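Letter by letter, the sequence shown follows residues 21 to 34, 37 to 106, 109 to 261, 264 to 356, 369 to 403 of the deposited numbering.
Yeah, the Cβ is synthetic: ideal placement off N, Cα and C, and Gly gets one too.
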Amino acid sequence: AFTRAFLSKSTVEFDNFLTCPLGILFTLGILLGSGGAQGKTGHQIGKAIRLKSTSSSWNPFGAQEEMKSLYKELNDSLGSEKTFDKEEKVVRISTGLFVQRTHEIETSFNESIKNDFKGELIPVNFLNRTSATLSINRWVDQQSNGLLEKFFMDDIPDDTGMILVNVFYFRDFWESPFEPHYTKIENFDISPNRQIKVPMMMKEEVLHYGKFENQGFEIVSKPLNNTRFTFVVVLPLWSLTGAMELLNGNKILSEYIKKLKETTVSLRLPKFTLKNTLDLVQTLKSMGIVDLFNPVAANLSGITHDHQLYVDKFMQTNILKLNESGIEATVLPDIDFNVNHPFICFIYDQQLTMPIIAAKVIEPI
């Protein structure tokens with residue numbers, strides 16, 4: 021499927039990885055759905071999303087409406103999820121199309137991104153590359169409510185090309201938070217040679233466990249306050267590559283989630299924060315979208331019909347900060375589950391059954 025294709029060509033890029043293939047879809051749903059990407063260009067997108075209408079033949083009108091409802095379907099769902109003592113959105117997704125101001129955008133394309141998607145068109149001047157970058161930095165700093173300030177893009181396109189940015193943010197409490205009285209400082213076996221300290225978080229409770237001496241990666245799942253989403257940690261029994271097979275899409279996660287039984291667990295978990303800016307232009311080509319990031323052969327006539335443009339940079343930026351209290355929020371055990379060497383964690387969806395956020399941690403920040 022899509023999420024299983026993305027993690028394939030995204031994880032081969034590695037060191038501390040952090041990606042959210044959930045919203046990257048959203049970034050690109052806003053290309054097909056609105057009607058921006060026509061021809062070969064947008065067809066290659068529908069195909070990579072593996073949707074019905076692209077299965078048989080190019081049919082422009084058709085794949086727009088099916089992406090528009092597919093997006094809108096998943097989009098109110100992650101929005102229908104509200105957590106606290110004032111109700112707050114649990115999932116947070118902004119998606120930004122930064123474009124040369126001079127271009128007469130089609131009023132249909134502009135009508136759709138506003139009333140059809142939750143996303144935002146930003147008209148800026150790339151000639152003023154200096155003033156151009158800060159516009160982006162102010163945009164992302166305004167969307168992440170300060171969590172992701174200091175995002176500075178090293179290079180800018182020469183007038184025709186575009187820049188997309190996607191900011192996923194997942195905020196929630198634990199279902200059973202950690203006592204800070206027991207968050208002590210402990211070693212973390214990075215390698216034989218380097219070992220660092222970190223604030224380990226010790227709690228014992230009933231959590232769904234799973235050992236797989238089959239592959240070599242034991243599994244734990246801690247649910248958040250909103251029980252639909254679970255936080256999953258994958259520990260090797264230091265094999266390391268045995269776990270990644272889950273991370274690059276060779277192994278379905280749910281497939282493994284399903285064998286997790288109620289257990290008592292002595293959980294010791296590092297306090298850490300993961301932030302990780304990524305470019306998906308060399309990823310979305312190897313995954314079958316190569317006619318979009320190319321100036322000669324990109325067809326974004328749905329946006330403008332006076333000057334030809336393409337996508338220069340497809341940027342993503344994420345923040346995962348774990349605390350005793352939850353994620354971004356401030369009993370006799372039968373299983374020990376100490377996490378002091380590198381691991382692979384997920385924010386798993388229990389309804390959509392997909393890992394919205396899949397991360398590989400080498401050294402905890």
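Query                                                                                                                                                                           : Result
Examine chain C for any beta-carbon lying closer than 8 Å to the beta-carbon of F197, and answer yes or no.                                                                     : The structure shown has no chain C; it contains just one protein chain.
Does the region 371-390 come into contact with the region 234-252, if we say contact requires no fewer than three beta-carbon pairs (one atom in each stretch) closer than 8 Å? : yes
Measuring alpha carbon to alpha carbon, tell me which of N378, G101 and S215 ends up nearest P296.                                                                              : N378
Could you check whether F39 and residue 35 sit closer than 8 Å to each other, using their CB atoms as the reference points?                                                     : For residue 35, no position is available: the coordinates of the chain end at 34 and pick up again at 37.
Check whether the region 124-138 touches the region 153-169, counting contact only when three or more Cβ pairs, one atom from each stretch, lie closer than 8 Å.                : no
Comparing C-alpha positions only, which one of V164, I373 and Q86 sits nearest to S132?                                                                                         : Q86
How many angstroms separate the CA atom of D109 from the CA atom of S351?                                                                                                       : 14 Å
Buried or exposed: where does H333 fall if 16 or more other Cβ atoms within 10 Å of its Cβ makes it buried?                                                                     : exposed
Pick helix, strand or coil for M226, following the three-state DSSP scheme.                                                                                                     : strand
For the candidate residues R195, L44, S99 and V164, whose alpha-carbon lies nearest to that of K347?                                                                            : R195
Shortest alpha-carbon distance to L171 belongs to which of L96, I52 and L300?                                                                                                   : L300
For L370, count neighbouring C-beta atoms within 10 Å of its own C-beta (all shown protein chains included) and say buried if the count is 16 or more, exposed if not.          : exposed
Could you give the distance in angstroms between the alpha-carbon of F176 and the alpha-carbon of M341?                                                                         : 11 Å
Under DSSP, the beta strand (DSSP E) around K138 begins and ends at which residues?                                                                                             : Here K138 belongs to no beta strand (DSSP E); instead the alpha helix (DSSP H) covers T131 to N139.
Kindly indicate which residue of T31, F34 and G58 has the alpha-carbon position closest to the one of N325.                                                                     : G58
Straight-line CA distance for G61 to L272?                                                                                                                                      : 34 Å
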